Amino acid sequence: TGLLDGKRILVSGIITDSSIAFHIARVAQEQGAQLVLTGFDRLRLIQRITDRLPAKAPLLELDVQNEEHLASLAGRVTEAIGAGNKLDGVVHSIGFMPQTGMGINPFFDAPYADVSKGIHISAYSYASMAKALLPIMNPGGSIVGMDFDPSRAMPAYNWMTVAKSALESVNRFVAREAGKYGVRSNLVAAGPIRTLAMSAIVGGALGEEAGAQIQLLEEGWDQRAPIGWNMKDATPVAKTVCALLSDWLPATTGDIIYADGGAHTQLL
């Protein structure tokens, strides 16, 4: 009776128990999905974290900047879910920008090598992952990535904003490719969520001014949101990702669904 009963779904992006992807994985399992997880670099950590999920899920290594990892990924997934089985869903919950590209470091002072690394991981990899996994996805399947609305500039987010603008564009092209397989591609634009790192940035890890600006952003977001916004609760975001992974948004692709309390629809 679960929303995702019988579905096989790959979830990337878990690194702590506060990762948005941890909550996506939890809700998906509560709703009957069978998962395969991917993790970057710290696999012992990630295994220990994902031991706390409701059900067992194989963990595979994936550095999206590593061409060998991407080239072997479909085979490794198929080994984990069984020959003759394919995926019904893929969750991209991956982002990175060097400190030069976010925070109080001036916008103009980010070297391109740093910006390029952030765009590789945060935007191009959405296409890389789709390339690798579409050949082992079933018709009716769904690829979902995580977005933070970049349509307006904001303090401190700087080149990560630019990376998210690129991601939104990439998603519209991935939809064209995915459609050939009967697969949808969409982003969920979430409101601000207090992951470990965000509390770190609020405590000043990227400069005092950036932390101050994020707290103002958070406060304004809840004010503007007609149904409010709880930055400590990723579950509403996770539910939205599961909606897109389900059979219930079958005519939506190349698109952005806003799980943000409605804040982006209100000026003040």
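All residue numbers are counted from 1 along the displayed sequence. Throughout, rigid core stands for the largest set of C-alpha atoms superposing within 1.5 Å between the two forms.
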### Between 53 to 61 and 216 to 224, the one whose CA atoms sit farther away in 7 other deposited structures of this protein (rigid core aligned)
216 to 224
### Task
Identify the stretch, either 165 to 173 or 137 to 145, whose C-alpha atoms have the larger mean B-factor according to the entry.
137 to 145
## Note on the structure
Taking the deposited Cα B-factors and averaging over 235 to 243 and over 41 to 49, the higher mean is found in 41 to 49
### Query
Hey, out of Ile121, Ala71, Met160, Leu187, whose CA B-factor is highest in the deposited coordinates?
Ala71
### Task
Could you check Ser151, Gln99, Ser125, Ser93 and tell me which one carries the biggest Cα B-factor in the deposited entry?
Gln99
### Task
Within this chain's modelled residues, let me know which third the CA B factor of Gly191 belongs to: lowest, middle or highest.
lowest
### Message
Test of reading the entry: by CA B factor among the chain's modelled residues, which third contains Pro226?
### Response
lowest
### Task
Would you mind ranking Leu267 by its C-alpha B-factor against the rest of the chain and naming the third, lowest, middle or highest?
middle
### Position of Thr253 among the chain's modelled residues by C-alpha B-factor, lowest, middle or highest third
lowest
### Message
When the deposited Cα B-factors of this chain's modelled residues are ordered and cut into thirds, is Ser18 in the lowest, the middle or the highest one?
### Response
middle
